[PDB]
Amino acid sequence: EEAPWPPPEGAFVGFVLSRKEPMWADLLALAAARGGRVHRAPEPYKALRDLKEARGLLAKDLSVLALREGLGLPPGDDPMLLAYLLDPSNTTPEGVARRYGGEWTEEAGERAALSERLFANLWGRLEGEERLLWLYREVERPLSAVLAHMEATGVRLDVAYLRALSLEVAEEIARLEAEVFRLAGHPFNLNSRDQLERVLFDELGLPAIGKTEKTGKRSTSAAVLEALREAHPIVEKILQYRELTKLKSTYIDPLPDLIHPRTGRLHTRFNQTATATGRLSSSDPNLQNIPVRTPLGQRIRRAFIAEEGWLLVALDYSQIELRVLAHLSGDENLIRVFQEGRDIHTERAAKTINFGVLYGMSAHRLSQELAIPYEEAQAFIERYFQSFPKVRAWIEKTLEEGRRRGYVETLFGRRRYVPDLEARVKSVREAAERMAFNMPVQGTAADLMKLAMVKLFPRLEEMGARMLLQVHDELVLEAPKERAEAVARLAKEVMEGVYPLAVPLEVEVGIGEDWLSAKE
DNA sequence: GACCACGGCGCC
DNA sequence: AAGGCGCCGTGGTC
Ligand SMILES: [Mg+2]
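Quick note: the first sequence uses the numbering used here, first residue 11, plus one each step.
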């Protein structure tokens with residue numbers, strides 16, 4: 011089938027990177043397949059200019075690499091997206107190939123022919139799946155182009171500020187470490203939970219409460235240590251040591267070393283086929299779990315800044331999952347609460363209760379994750395459902411359907427297969443139930459945010475603004491100072507009106523020089 | 001160098 | 001708020 015480069019327009023592309031991150035990868039090889047032919051590019055970088063779109067497996071990644079090189083090469087069809095819609099457990103090329111009629115190799119030509127062949131089969135599987143096709147055409151496929159922009163754009167980071175902060179935190183860690191070592195009566199590796207275990211529960215003879223899941227060792231987690239916060243001063247130091255080292259090792263130290271030499275910015279990856287619910291994920295590095303709660307966490311978030319002459323615009327959906335719950339269940343009362351613009355919670359304290367049913371929390375975990383009366387905690391949970399009968403009925407209906415079909419679905423029909431709903435082991439069955447009825451909620455919220463990104467992106471391009479980050483129910487944009495206000499106002503409207511529900515969606519928006527101040 | 005499992009923990 | 005994730009250091013292996 012081998013023919014000379016270039017391929018005819020519309021061909022399926024195959025490509026090989028030196029490493030998984032497209033912003034950092036060397037393009038080792040490039041090929042394309044179509045009409046019973048395969049075309050291999052003599053020089054991949056040059057040949058990249060001959061393509062009009064990236065059609066094939068991992069299309070977005072190639073598109074990002076093209077953007078890095080200053081080329082406009084939007085991602086198109088991608089068999090990975092079709093398979094992910096069919097079954098969100100389809101997360102890798104390896105598995106999708108083996109499942110739908112091929113083998114994922116390390117040769118571009120074969121990857122091109124594979125892309126073509128797999129697209130043929132998958133597109134066949136999606137016939138009759140009207141709603142899955144809608145998600146593909148209206149959400150996933152167009153979203154892939156938005157994600158490519160975000161990845162290639164990156165976000166600015168105050169490196170010098172983080173470098174200075176590292177030295178400050180290092181000294182405080184030293185202070186905690188030396189103190190812990192004194193109390194232990196000896197020095198040990200504080201980073202080793204095994205060594206720590208022995209020191210706390212054997213040597214210091216402190217009470218061992220819970221056990222680890224897989225190996226049944228005596229846990230040293232924060233939930234456990236919290237309880238011993240008064241039973242020994244060493245516990246206090248250990249918990250402070252944990253926060254500082256976690257944030258230093260995970261964010262403060264690594265991030266500055268990841269600045270791209272061409273862009274001068276930090277670039278993450280937004281993985282589009284990585285979760286069981288339809289959410290995006292972020293990696294290399296993960297920019298969806300940057301610290302925000304503690305004082306030191308806030309210091310770190312301040313390092314994410316706007317380019318000179320620009321401002322960050324931060325938009326957050328308010329309680330989107332609860333609003334989705336109101337819609338899906340059709341519960342009159344819950345719906346009323348939002349319609350009348352009242353704070354559902356008043357309708358961390360009583361909030362744990364309201365945000366509690368979204369995953370069926372343990373009535374016992376209410377006296378712990380909220381410190382209540384325990385026995386009396388499992389007594390108010392009935393009133394919750396007494397006032398929201400349609401919610402219980404919805405949960406019940408969801409599970410019943412999940413058992414019969416073998417899957418649950420979001421408002422738009424995104425599916426997740428949950429096979430353990432009839433497991434004969436209680437703990438397993440019940441864990442499965444929690445996954446099952448959470449996904450229509452978390453998944454619908456993901457569908458909505460994705461659709462909002464798809465609608466918003468073209469509007470931002472028109473205004474010379476950029477989309478930088480998504481954090482599940484949040485967006486961070488970057489706009490020129492003279493257009494920031496207009497951008498903020500427009501984005502809010504797009505997000506709030508993405509897909510009208512039985513209840514309004516509300517969005518909080520802020521503008522600032524950095525990620526933290528942009529909220530306040 | 002590389003991979004993995006685990007406990008642990010950061011965010012939504 | 002913390003079902004859904006990704007990264008850390010440790011500990012073990014090849
Ligand atoms: Mg794990």
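Where a beta carbon is used, it is the ideal one built from N, C-alpha and C, also for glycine.
Using a threshold of 8 Å, state whether the C-beta atoms of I244 and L214 are closer than that. Position 234 of the first sequence, counted from the first residue, corresponds to residue 244. Position 204 of the first sequence, counted from the first residue, corresponds to residue 214. Going by C-beta atoms, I244 is nearer than 8 Å to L214.
Within 10 angstroms of the Cβ of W525, are there 16 or more other Cβ atoms? Answer buried if so, exposed if not. Locating residue 525 in the first sequence gives position 515, where the first residue counts as 1. Burial call: buried.
For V169, which residues of its own chain have a beta-carbon under 7 Å away from its beta-carbon, when the five flanking residues on both sides are left out? For the purposes of this step, residue 169 is taken as the residue at position 159 of the first sequence. Cβ within range, chain order: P266, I269.
Secondary structure of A42, DSSP reduced to three states: The residue given as residue 42 occupies position 32 in the first sequence. Note: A42 maps to strand in three-state DSSP.
Assuming contact is defined by CB atoms lying nearer than 8 Å, are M463 and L325 in contact in what I supplied? Here residue 463 is taken as the residue at index 453 of the first sequence, counted from 1. Here residue 325 is taken as the residue at index 315 of the first sequence, counted from 1. No, these two residues do not count as a Cβ contact at 8 Å.
How far does the beta strand (DSSP E) with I521 in it extend, from its first residue to its last? Within the first sequence, numbered from 1, the residue matching residue 521 stands at position 511. Where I521 is concerned, the enclosing beta strand (DSSP E) stretches over 517 to 522.
Among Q250, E472, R346, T163, which one has its Cα closest to the Cα of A180? Working through the first sequence from its first residue, we reach residue 180 at position 170. Looking at the Cα atoms, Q250 is the closest of the given residues.
What is the C-beta distance between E207 and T230, in whole angstroms, given that I count them as a contact (C-beta under 8 Å)? In the first sequence, residue 207 corresponds to position 197, counting from 1. In the first sequence, residue 230 corresponds to position 220, counting from 1. Sure, about 6 Å apart at Cβ, within 8 Å.
What alpha helix (DSSP H) runs, 4 residues minimum, are completely inside the region 236 to 300? 243 to 257
With three or more C-beta pairs closer than 8 Å as the rule, is the region 126 to 133 touching the region 398 to 407? no
Hey, how far is the Cα of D263 from the Cα of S176? Residue numbering aside, residue 263 sits at position 253 when the first sequence is read from its first letter. Residue numbering aside, residue 176 sits at position 166 when the first sequence is read from its first letter. Using only the alpha carbons, I get a separation of about 7 Å.
Among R424, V428, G474, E236, whose alpha-carbon lies nearest the alpha-carbon of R414? In the first sequence, residue 414 corresponds to position 404, counting from 1. When only C-alpha atoms are compared, the closest one is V428.
Per DSSP, which one or two residues make a beta bridge with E488? Along the first sequence, one-based indexing puts residue 488 at 478. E488 pairs with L322, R476.
Quick one, are the C-beta atoms of residue 533 and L96 less than 8 Å apart? Given a span of 11 to 530 for the chain in the structure shown, any question on residue 533 remains unanswerable.
Checking the sheet assignment: what are the DSSP bridge partners for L96? Looking up residue 96 in the first sequence gives position 86. Answer by DSSP bridge pairing: none, since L96 is not bridged.
Which same chain residues end up closer than 6 Å to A123 when comparing Cβ atoms and leaving out the 5 residues on each side of it in sequence? Counted from its first residue, the first sequence places residue 123 at position 113. So the list reads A43, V48, once near-sequence residues are dropped.
Cα-Cα separation, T260 to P14: The residue you call residue 260 lines up with position 250 of the first sequence. The residue you call residue 14 lines up with position 4 of the first sequence. Roughly 48 Å between the two C-alpha positions.
Give the DSSP-derived three-state secondary structure of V418 in the structure shown. Within the first sequence, the letter at position 408 stands for residue 418. Here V418 sits in strand by DSSP.
Cβ-based burial, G474 [other Cβ within 10 Å; buried from 16]: Reading the first sequence from its first residue, position 464 is the one you call residue 474. With fewer than 16 other Cβ atoms within 10 Å, it is exposed.
Could you tell me the boundaries of the alpha helix (DSSP H) in which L193 lies? Residue mapping note: residue 193 aligns to position 183 of the first sequence, counting from 1. Here the alpha helix (DSSP H) through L193 covers 169 to 193.
Provide the residue(s) that pair with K70 in DSSP beta bridges, ordered along the chain. For the purposes of this step, residue 70 is identified with residue 60 of the first sequence, where counting begins at 1. DSSP output for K70 lists no bridge partner at all.
Whose C-beta lies closer than 6 Å to the C-beta of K400 among residues of the same chain, with five residues either side of it excluded? What you label residue 400 is simply residue 390 of the first sequence in a count that begins at 1. Within the same chain, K400 has close Cβ partners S339, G340, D341.
Can you check DSSP and say which residues form a bridge with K221? If you number the first sequence from 1, residue 221 lands on position 211. For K221, which the question treats as bridged, DSSP gives the partners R228.
Can you look up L27 in the DSSP assignment and give me helix, strand or coil? Locating residue 27 in the first sequence gives position 17, where the first residue counts as 1. If DSSP states are grouped into helix, strand and coil, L27 belongs with the strands.
Spell out a yes or no on whether the region 444 to 455 and the region 271 to 279 are touching, meaning 3 or more CB-CB pairs, one atom from each, closer than 8 Å. no
Between the Cα of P32 and the Cα atoms of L72, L61, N299, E484, which residue gives the shortest distance? Position 22 of the first sequence holds residue 32. Nearest C-alpha to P32: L72.
Whose C-beta lies closer than 8 Å to the C-beta of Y417 among residues of the same chain, with five residues either side of it excluded? On the first sequence, residue 417 is found 407 positions in, with the first residue counted as 1. Closer than 8 Å at Cβ, skipping near neighbours: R425, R426, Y427, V428.
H337 - containing beta strand (DSSP E), residue span: Numbered from 1 along the first sequence, position 327 holds the residue referred to as residue 337. No beta strand (DSSP E) contains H337, which is instead part of the alpha helix (DSSP H) from 330 to 339.
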